[PDB]
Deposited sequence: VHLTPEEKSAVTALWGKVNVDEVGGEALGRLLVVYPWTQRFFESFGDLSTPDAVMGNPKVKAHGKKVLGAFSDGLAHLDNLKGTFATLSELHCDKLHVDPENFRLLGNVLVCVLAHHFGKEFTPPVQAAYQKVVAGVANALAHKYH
């Protein structure tokens, strides 16, 4: 799985979550504590979005290597199961955006499932 070996840890995570807030504005009501999310420039430049991005990226990294997060999102936070697929697809676009031509159609097919199996694990 060399695919994930060339990923940027400190910036790609915030890219995916940042786009989720911009592309799907209604996800911002779950992140009221982070403060300013009015403009896309403000949302992408928000350090809490970047800092939280490193955690969610690390969550995928642990998922790629191999449960507890399932109980947090559904019970504590009440995140709709469809919202996992949206961030599911936003991250895929972000990977395609950074790597570009290297992000091969057969590679995406593999990621769509790593993502799909992730959405199901939380559900």
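Annotation: deposited residues 1-11, 78-85, 143-146 are not represented by C-alpha coordinates in the model.
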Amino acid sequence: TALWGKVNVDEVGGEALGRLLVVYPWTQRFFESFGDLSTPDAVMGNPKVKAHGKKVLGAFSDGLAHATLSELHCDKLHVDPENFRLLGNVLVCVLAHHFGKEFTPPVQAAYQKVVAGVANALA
From here on, numbers count along this sequence of modelled residues.
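Only the largest set of C-alpha atoms that superpose within 1.5 Å between the two forms is called the rigid core.
Superposing each structure in 5 other deposited structures of this protein on the rigid core shows that the farther-lying of 74-82 and 89-97, by root-mean-square Cα distance, is 74-82.
With 20-28 and 5-13 as candidates, the stretch whose CA atoms show the greater average offset from this form in 5 other deposited structures of this protein after a core fit is 5-13. Relative to one another, 24-32 and 40-48 have unequal mean CA B-factors, and 40-48 is the one with the higher figure.
Taking the PDB entry as given, 71-79 carries the higher mean Cα B factor of the two stretches 71-79 and 91-99. When the modelled residues of the chain are ordered by C-alpha B-factor, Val9 sits in the highest third. Remark: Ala123 belongs to the middle third of its chain, ranked by C-alpha B-factor as recorded.
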